[PDB]
Amino acid sequence: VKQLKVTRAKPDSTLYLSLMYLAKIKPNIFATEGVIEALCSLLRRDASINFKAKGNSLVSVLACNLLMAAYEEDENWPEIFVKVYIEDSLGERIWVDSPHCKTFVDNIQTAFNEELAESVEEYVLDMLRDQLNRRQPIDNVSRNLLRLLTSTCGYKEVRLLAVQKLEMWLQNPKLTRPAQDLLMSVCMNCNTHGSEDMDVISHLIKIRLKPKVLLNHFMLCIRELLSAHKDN
Amino acid sequence: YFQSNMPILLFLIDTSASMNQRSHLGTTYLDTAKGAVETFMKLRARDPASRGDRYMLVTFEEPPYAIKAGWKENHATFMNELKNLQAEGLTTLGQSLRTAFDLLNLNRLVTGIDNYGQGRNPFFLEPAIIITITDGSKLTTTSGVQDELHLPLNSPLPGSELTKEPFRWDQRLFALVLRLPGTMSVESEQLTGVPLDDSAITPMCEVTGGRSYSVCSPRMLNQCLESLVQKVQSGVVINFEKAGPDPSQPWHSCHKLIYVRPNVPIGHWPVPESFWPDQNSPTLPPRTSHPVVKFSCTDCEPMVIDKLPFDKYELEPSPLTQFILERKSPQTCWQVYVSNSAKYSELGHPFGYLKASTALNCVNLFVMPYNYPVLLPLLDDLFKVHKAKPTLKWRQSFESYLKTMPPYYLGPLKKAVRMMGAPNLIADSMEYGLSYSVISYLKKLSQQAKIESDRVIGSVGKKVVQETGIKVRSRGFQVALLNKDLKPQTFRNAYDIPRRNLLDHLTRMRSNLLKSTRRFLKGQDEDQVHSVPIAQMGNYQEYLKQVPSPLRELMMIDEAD
């Protein structure tokens, strides 16, 4: 550590390089706390001269996406894989916008979906609650981030939070496509009759939209969903 | 591992108002000090090794503004800060010296250069010298006058308790005391040596391994600057002491410097600690900044085996070197000890020796393993009798030596025996010098030092505004004062226009507004432009870039070639 820090004019670039090679041979090796301890020790942010940023993880992302092929038929998975899949979505969204990479994103999302997966999901939700509680702007969400939110649709709380902003984006002309996707998702998800769905329906009921096409489409979708379920 | 090829030149310029005294030259003491720094760098630049020199500036101001050029401040910033120093404070020599040493020791704990509790490594050095330029005027505070120099202890640095002095092994303090009179001194320009000054800074200078210079003539100034340029060396100050009877003298005690030569200095054996390590001590004993090294004037034999890694450090000229080269015994050596380094012995076992060179031109310190007269025969017999195939008696004797062998030498000894060709001689285990509590404390100190270094380095910019106010007494409200940053935007602000200049300037701004048709709508001409800093006044090299290039066709200086 002292050699890496003091001799920063010629630092060792193999620290990040060795991660890609080792992860493709021994997946359990990446779960050790030594790398975590090193990252925590080196995480002191200095403004004048320091390497306080994270290097490109394209090789790591490729390895993670290719590991889904070997875990397609595996029903039981460890919590380390779930944590890695959760952490993968928190990147820069390099391949989120690419439509050809839809299969890889779907596989990554399904990987996190269960002996230890419940605890991993609970920990992921607790960690993400810090960002969830923040009142982020609707315009701050990029177009490529829609797939990330839609993929993790298992949690009813996330769906309820997404549906809660349907009335907020009703007056926004730039969110008409998301509003239509929200209506489609609300119609499709109206099959459990749970608390979250009822809350979303009550929130969206009192919102009046000036255009008639969107309201008519929402009413038609609601009628179709009601005809689909006998518990309507 | 550690860059000793980039020396730090910290300048502690006295900015007390007493430095406004005028010499016979017509310039102030502060002007002489700035010229002395400039001359020092002009002389230093003649040496090709001068590249990579870190120049730092600390003053007698308060800690937020004491540091003008610290770490990660470029040369142009150093020059600009030096040029604009003003002598308007009190002679807070002790406080400013404390801040200077804290600045030098800012990153020591982050990078572990001190090697606390693990032996003192002469090759773990960040060689710096503090050249403090001052006058002999008495030290002052708000309360009164201090007749003696005392470095404050309040607000201790994290881990400052580990070394019982503020200055460090690889740091030397030099004082340039200006005693230039206001009258043209009748003394001739005698070529004698520079006197030691008698001010309160001289004891601290001598303790650090430096010296004070008394200056009362420009010729003397040049002489001290030349000697100071000659004293910029990469090395560590060793407190050499005499043990035993003679074989109260200058060579009995000396704070001499041993040279360390890079190429990235390479070395193996540390200087022993002043205590025996144990795994149950909650706290590490404090260190002397200069290790008390004791030699015995016995003229022993300098035993060496062929393949051993031995560190050789050339002593600087000193009365001890004079004594050794005058007795003229280059084939014999004086054994060297560190007191209390052993389990029980007060004097301890030897770790090295002073051996004069063959030409009797220099004396070199040969840093050997701990208790080397016992180890070296065994280490030779390891490779001479059984070819690194240890016997029962040899292993028993080696373990017995290990009982007297401090654990902090285990790493260097392991590396040494490995590079001889016997890697499996000893158990590959962590050094038992430090307890878990000690190592946890050291890591906590490293983190705290990192945070404090980040705070201090970001604080050197002096990004604050002086209290431009006159606190009005009753018998809150204050009267403002002019500032440097309130450049009058007389076109953009009608309050900056004097009454006497009201009409013509009104005409000017009217013309600037209406006549801007196919023109330019700038601020006030003759102010925002044509009041450029003098440094950028005639920068034609930079100016020509903003102009389109032309068409191709094929005593020192006077503003051009």
Point to revise | Contacts under 6 angstrom Cβ, first residue in segment A:201-224 being surrounded by 10 or more Cβ atoms within 10 Å (Cβ to Cβ), partner hydroxyl-bearing (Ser, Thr, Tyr), 6 or more apart | key: none
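Do you know which of the residues in segment B:170-213 that are of a type in the set (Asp, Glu) and in contact with a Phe, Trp or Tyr (Cβ under 9 Å, 6 or more places away or on another chain) is nearest to B:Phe240 (Cα to Cα)? So that I can check it myself, show each step before the final result.
Here is the first cut: in segment B:170-213, the residues of a type in the set (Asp, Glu) are B:170, B:187, B:189, B:197-198, B:206.
Filter once more, so that each one left must be in contact with a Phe, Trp or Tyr (Cβ under 9 Å, 6 or more places away or on another chain): B:170, B:197.
Working: B:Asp170: 15, B:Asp197: 24 Å.
That would be B:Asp170.
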Revision key, fill the gap. Checked pairs for segment A:1-20, first at the interface with chain B (Cβ under 8 Å from one of its Cβ atoms) and within 14 Å of B:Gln3 (Cβ to Cβ), second surrounded by 11 or more Cβ atoms within 10 Å (Cβ to Cβ) and of a type outside the set (A, V, I, L, M, F, W, C), C-beta under 7 Å and 6 or more apart or across chains, list as A:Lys2/B:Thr111; A:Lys2/B:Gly112; A:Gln3/B:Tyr1; A:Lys5/B:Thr111; A:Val6/B:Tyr1; A:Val6/B:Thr111; A:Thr7/B:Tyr1
Study note, to complete from the structure: Selection from segment A:192-230 of residues within 30 Å of the chain's Cα centre (by Cα) and of a type in the set (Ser, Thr, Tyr) yields A:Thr192, A:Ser195, A:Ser202
Point to revise | Selected residue (only one of B:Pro166, B:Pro152, B:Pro158 is of a type outside the set (A, V, I, L, M), out of contact with any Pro (no Cβ under 9 Å at 6 or more places or on another chain), farther than 30 Å from B:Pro272 by Cβ and surrounded by 13 or more Cβ atoms within 10 Å (Cβ to Cβ)) | key: B:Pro152
Check your understanding: From the set of residues in segment A:12-43 that are surrounded by 13 or more Cβ atoms within 10 Å (Cβ to Cβ) and more than 27 Å from the chain's Cα centre (by Cα), which is farthest from B:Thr111 (Cα to Cα)?
Key -> A:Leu15
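Which ranges mark the helices (runs of 4 or more DSSP H) fully within segment B:409-517 that have 3 or more residues being at negative phi and within 14 Å of chain A (Cβ to nearest Cβ)? Let's see the steps before the verdict.
Values: elements: B:410-420, B:436-459, B:502-514.
Result: B:436-459.
Tell me which residues, restricted to segment B:351-390, are aromatic (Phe, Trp, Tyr) and part of a strand (DSSP E or B). Quick ask: steps written out before the conclusion?
Going through segment B:351-390, the residues aromatic (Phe, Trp, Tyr) turn out to be B:351, B:353, B:366, B:370, B:372, B:383.
Selection gives B:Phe351, B:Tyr353, B:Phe366.
If you go through segment B:175-207 one residue at a time, how many are part of a loop (DSSP other than H, G, I, E, B) and more than 19 Å from B:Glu226 (Cα to Cα)? Full working, then the answer.
Narrowing segment B:175-207 to residues part of a loop (DSSP other than H, G, I, E, B): B:179-201.
Within this subset, residues satisfying the condition of being more than 19 Å from B:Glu226 (Cα to Cα) are B:181-188, B:198-201.
Final tally of qualifying residues: 12.
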Revision key, fill the gap. Going through segment B:35-81 in order, the residues found to be more than 14 Å from chain A (Cβ to nearest Cβ), of a type in the set (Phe, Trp, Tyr) and farther than 16 Å from B:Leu225 by Cα are B:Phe60, B:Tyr65, B:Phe78
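Please determine, by comparing only the residues of segment B:1-23 that are among the hydroxyl-bearing types (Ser, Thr, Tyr) and in contact with a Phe, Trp or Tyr (Cβ under 6 Å, 6 or more places away or on another chain), which one is surrounded by the most Cβ atoms within 10 Å (Cβ to Cβ). Working first, answer last.
Here is the first cut: in segment B:1-23, the ones among the hydroxyl-bearing types (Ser, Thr, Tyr) are B:1, B:4, B:15-16, B:18, B:23.
This time we only want the ones that are in contact with a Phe, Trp or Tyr (Cβ under 6 Å, 6 or more places away or on another chain), so: B:15-16.
On the way: B:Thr15: 26, B:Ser16: 24.
Per the criteria, the residue is B:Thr15.
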Review point. Do we find that B:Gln478 is surrounded by 10 or more Cβ atoms within 10 Å (Cβ to Cβ) and in contact with a strand residue (DSSP E or B) (Cβ under 6 Å, 6 or more places away or on another chain) in this structure?
Key: yes
Exercise for review: Kindly check whether there is at least one residue in segment B:378-395 that is buried (at least 17 other Cβ atoms within 10 Å of the Cβ), at negative phi and within 42 Å of the chain's Cα centre (by Cα).
Suggested key: yes
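Going by what's in this entry, would B:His255 be described as in a loop (DSSP other than H, G, I, E, B), surrounded by 13 or more Cβ atoms within 10 Å (Cβ to Cβ) and not acidic (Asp, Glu)?
Values: in a loop (DSSP other than H, G, I, E, B): no; surrounded by 13 or more Cβ atoms within 10 Å (Cβ to Cβ): yes; not acidic (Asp, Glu): yes.
Judged against the criteria, B:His255 is not a match.
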Exercise for review: Report whether or not A:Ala63 is under 22 Å from the mean Cα position of the chain (by Cα), under 24 Å from B:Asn107 (Cα atoms) and more than 14 Å from every other protein chain (Cβ to nearest Cβ).
Suggested key: no
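With B:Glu542, B:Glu559 as the choices, which residue is among the acidic types (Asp, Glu) and in a loop (DSSP other than H, G, I, E, B)?
The match here is B:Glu559.
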Check your understanding: On the given criteria, is A:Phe81 outside any loop (DSSP other than H, G, I, E, B), surrounded by 13 or more Cβ atoms within 10 Å (Cβ to Cβ) and touching a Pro at 6+ places or on another chain (Cβ under 9 Å)?
Key -> yes
Study note, to complete from the structure: Flagged pairs (Cβ under 8 angstrom, 6 or more apart or on separate chains; first in segment B:146-165, under 17 Å from B:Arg287 (Cβ atoms); second of a type in the set (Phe, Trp, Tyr) and in a loop (DSSP other than H, G, I, E, B)) are B:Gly159/B:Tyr116; B:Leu162/B:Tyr116
Check your understanding: Are any residues in segment B:138-148 in a loop (DSSP other than H, G, I, E, B) and in contact with a strand residue (DSSP E or B) (Cβ under 7 Å, 6 or more places away or on another chain), and if so, which ones?
Key -> B:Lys138
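Given the criterion away from chain B (no Cβ under 14 Å), surrounded by 11 or more Cβ atoms within 10 Å (Cβ to Cβ) and under 24 Å from A:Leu146 (Cα atoms), identify the matching residue among A:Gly91, A:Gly55. Steps first, please.
Values: A:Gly55 fails: under 24 Å from A:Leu146 (Cα atoms).
Testing whether each residue is away from chain B (no Cβ under 14 Å), surrounded by 11 or more Cβ atoms within 10 Å (Cβ to Cβ) and under 24 Å from A:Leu146 (Cα atoms) leaves just A:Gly91.
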Exercise for review: Mind listing just one residue for me: the one in segment B:103-133 that is within 13 Å of chain A (Cβ to nearest Cβ) and of a type in the set (S, T, N, Q) and, of those, farthest from A:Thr7 (Cα to Cα)?
Suggested key: B:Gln118
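Note that each Cβ is placed from the backbone with ideal geometry, even for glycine, and that neighbours are counted across all protein chains shown. Every number in this text was worked out from the coordinates using simple rules, so none of it is lab data.
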